[PDB]
Ligand SMILES: Nc1ncnc2c1ncn2[C@@H]1O[C@H](COP(=O)(O)OP(=O)(O)O)[C@@H](O)[C@H]1O
Ligand SMILES: Nc1ncnc2c1ncn2[C@@H]1O[C@H](COP(=O)(O)OP(=O)(O)O)[C@@H](O)[C@H]1O
Ligand SMILES: Nc1ncnc2c1ncn2[C@@H]1O[C@H](COP(=O)(O)OP(=O)(O)O)[C@@H](O)[C@H]1O
Ligand SMILES: [Mg+2]
Ligand SMILES: [Mg+2]
Ligand SMILES: [Mg+2]
Ligand SMILES: [Mg+2]
Ligand SMILES: [Mg+2]
Ligand SMILES: [Mg+2]
Ligand SMILES: [Mg+2]
Ligand SMILES: [Mg+2]
């Protein structure tokens, strides 16, 4: 009636490179929805989700997994920034009223198997406000009934995944009632050059897969060369390290900073084919920009 | 027409381990609803609930009792964090408008025998805000009429149970009008290793009872061994002591940190049976994590 | 067409022990509603209520009188904490919109003879906020028209009773426009041991009268002995003095701290009769609790 | 200023001089430095700066009214206000308060302190002087409490240039 | 004031004098400077200004109640409050706290410090004196812990004019 914790992983294994623990974590959590529910009279209602706490940096996939598992689960998904609430109920029961909105209005579905993603939760810790939303979320997590224009919806069986880098804060800093409701804690890892290469081609509709399919509209045929991919990747990883590490979104940069030229003039090239090799890549990505002299502040 | 203060206790005695005073307290309070009401013309309305103040730590059951008594009483239940109000009436008469919502809209029921749980009340004491909600709650407790989309509902006979650890604050710090309306004060006790063991198997749908029934879905048969249970428990109690004591929710951790492996691969084991003994448990729960060096702050 | 200032008092004289001045004050005020109204064309509208300011401590009855006079007057009653407003009109014209709600919606009644009780008014004195509600209340008191979902209702003939302990503040601290609209000022007195005894049995549905009638439901017959009552009372008065004086609500404590045992096991005693004498009482009320060492702060 | 109090045989006496000294000159010789509180059932005597002494006294007065006059409690409460988190004005003065129950001095920095055993307390610039006197007397003379105080103040005034002879001795039946 | 603590053979002793000195005079000779916390399972002794010492103590007390009494932790937490960003009152005092686990002194400026190895700690004006004494004794005498402390304080009092002889030695079975 649905995949197995092995099968689900493989389903994410496509769209997402690396992050095994995370892929696995949510893999179990989603099977259970199916395990319970198969159960009898009292136990179907007694067992509650084993919500997750993802801990990893930017653009390493902490959200894709969540968003993808939901998609392969045809389940009411919604994301919210923990800080949205730093400052008819209040503005927080909304996370359900909203979910039910996107969900269509079918409660028999929202409750039974909807998923909620609380981004940046590591961000509302340790100041009298941030440490309030923890409390504001408890009902949400610990089991609560909330009013919405479609009817009453309870968070008793909603699945909660929360992310964070927790560079400064540890999850041990969350309020104890919560640490207790984020049982399962996985750890996604940062991404590497060798990883990028992989994201660059492997997944479904990879960046290259996309630009390729697009140019194919103007009547153009582009072909990415391993050696090129390798460079695009080395590139991304570089700047992320050297400047502001934005995770894997960085590929979306190096990618567009490279395809600029073809992307423009591609209309007037119908019939041709283009080969993106190293020598090309190497020439679309300058080398290093701006004097970047951080010395003007030093003595 | 309902159980007796002896019978009710036994009903909680199932789902909840320990906490006699608390189980008892609410046991009386619920019989009275039945005693009064049996009374005559003027006295049925004259006698008011003898609301409770539960004092105990995290996950020791201060809420289960409340939630369970309500369930065995088929009564309109609602929980609210005292602090929710730290900062059409105002946001507080809502505790009734909301209760009536969940209650369905049947006032003849909300008023007559609904129950309200005010969590963390020990938390709005001693700063000009926290000491306002006490006042905000008085009407609620001391007898008040409040407007809701279903009609007028009065808190004259609603039962109020309020919790707290009161580690820093004593209940003697509440405003006098309230100390007077939280007559009955019980004291739940913290939980012990020997207790966990008990919660671990004894109650209805105990953790073990659950994982067992779940794996039984994949076509697996697991069996918990006393000696294992004993360890799971010693485990929980340990970390709660050694790190952040989260009460009994901690079992939900050690439990999931142990059942990880089987929970995943259990799909591909139909037919087999699994025995969780000590040697197993002992090997799913590392020993102690992170250098946890708190010295980097000391001289 | 209604009692006389002598008859009304006697009506309160039942449910309330002591507080003659207060009982009397409101006794006059309620007769007048009847005196005026009997008057002619212009004078029926010209004469206004002579609102009261009650000054006394906790649980001495400043509210019962108000609530009871209203009940014997079948008049739209409402209570509000002066501080509720420390921080469609604004939140204060509400005291009328609300009263009209509880009143049903019959304005011909709300205006003509409704009563309003402003608790803790001694509490919004001498800080730029508390001294605003005085001003906010003026319209209310001095004669104002206010919009409500049922129609226009004017406070020209509403009766206003306001309470206070005024331990720190005197009523002379209210804003002059108000001191002028709280003409009549009575002074309820604190309650004594000898008083408790009286409240304990004398009124209609006295505590003892209640527990007695309740146990009578389980098929039990309890009998309070003078000597016991005397002790219960000495008890209350004690702790109120020795710890936090909460007025007479304290009886509701000593009372429940005593009836605990019987209240529980009373179900399994059908047929028996119970005698609560001194030796009993003396043994349900320990003696003094907690080391109560307030020395840990002294040098 | 000198403010001393002695307690013996159901008697509690708290009395002091009456000199207000501005710099090295005299503002007024007659001044009531000991007064009555809570309907007149608890004795008080303030020392230090006229301004800060009075503002200390008043604050102790609010507490009483708020705690059924229960002295000791009232004190620790007030003291607490300085120990909270937001350092209050920190009045530079001292108060000696007592009633039928106990004696107690309170600094405006945040503490409540109790007498040795001789139930002798004395603040002010002349205190210790009056102290010594009383600390003596008491140990060697069945002199009344309302008597020791009277003589001790005087002994002081004849020593402290900021302590005069116009006393005020409030006792507590 | 002198507050010293010695720890040896499962025994932890923290004791100190009892003198409250106002300027160069004596407020009260009997004063409990060492007290019990957390249901009476952790020892405490404060030094410095009566006001700020007490307000330091109390703050350490809240932490314990909030951290299953786990001493060390509780300390670093409190310390943190001074290291955050908004410089707190900065109490001028010092506390010596210990229990079955460890000993530790905490300044009111924001730090927690640990004993050398001789498990000897001593704050106050007489500290170093009592220290030396104990630092000695310990190295040359199988004297108990509840014994070294007793003698070390005394050695101090006979040296520090602000440290008297009315001790209070709270040990921990
Ligand atoms: N490990 C990965 N594998 C494949 N794609 C990834 C990976 N990490 C990030 N991405 C891509 O980068 C973008 C950012 O994804 P996101 O989940 O928001 O990172 P994060 O969870 O840290 O905020 C997405 O479009 C996603 O496909
Ligand atoms: N004494 C107990 N007996 C059985 N289960 C308990 C007990 N204490 C806590 N639990 C379990 O731990 C979880 C937390 O319950 P909770 O009532 O919220 O603790 P608290 O009232 O202190 O906040 C619940 O699922 C409950 O079943
Ligand atoms: N003088 C009294 N006589 C009879 N009952 C009293 C008296 N004073 C207080 N009570 C009882 O104590 C409870 C508190 O009444 P309340 O009017 O709110 O005191 P207050 O006006 O000071 O706030 C009520 O249930 C009331 O019946
Ligand atoms: Mg992100
Ligand atoms: Mg809780
Ligand atoms: Mg909590
Ligand atoms: Mg009142
Ligand atoms: Mg009050
Ligand atoms: Mg004016
Ligand atoms: Mg002189
Ligand atoms: Mg000395």
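Numbering starts at 1 and runs along the chain as it is shown here.
Heads up, header says this was done by X-ray crystallography, 3.2 Å.
Note: Cβ is positioned from N, Cα and C throughout, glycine not excepted.
In this view, residue C:177 (ATP binding site) is surrounded by 13 other Cβ atoms within 10 Å of its Cβ, with every protein chain counted. Sequence annotations record features per position, and here Swiss-Prot assigns ATP binding site to C:17, C:59, C:60, C:61, C:62, C:63, C:64, C:119, C:161, C:162, C:163, C:164, C:177, C:249.
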If you count Cβ atoms within 10 Å of each one, which of the binding-site residues C:60, C:161 comes out on top?
-> C:161
Check the binding-site residues C:17, C:161, C:177 for any whose Cβ is under 6 angstroms from an atom of ligand 3, and report them in sequence order.
-> C:17
Long-range Cβ list for residue C:17 (ATP binding site), cut-off under 8 Å, min separation 6+ in sequence, same chain only, gives C:61, C:195, C:198, C:199, C:202, C:203
Can you tell which of the binding-site residues (C:62, C:64, C:163) has the fewest other C-beta atoms within 10 angstroms of its C-beta?
-> C:64
Would you mind pulling the DSSP three-state label for residue C:161 (ATP binding site)?
-> strand
In Å, how large is the greatest distance between any two Cα atoms among C:17, C:59, C:60, C:61, C:62, C:63, C:64, C:119, C:161, C:162, C:163, C:164, C:177, C:249, the listed binders of ATP?
-> 34
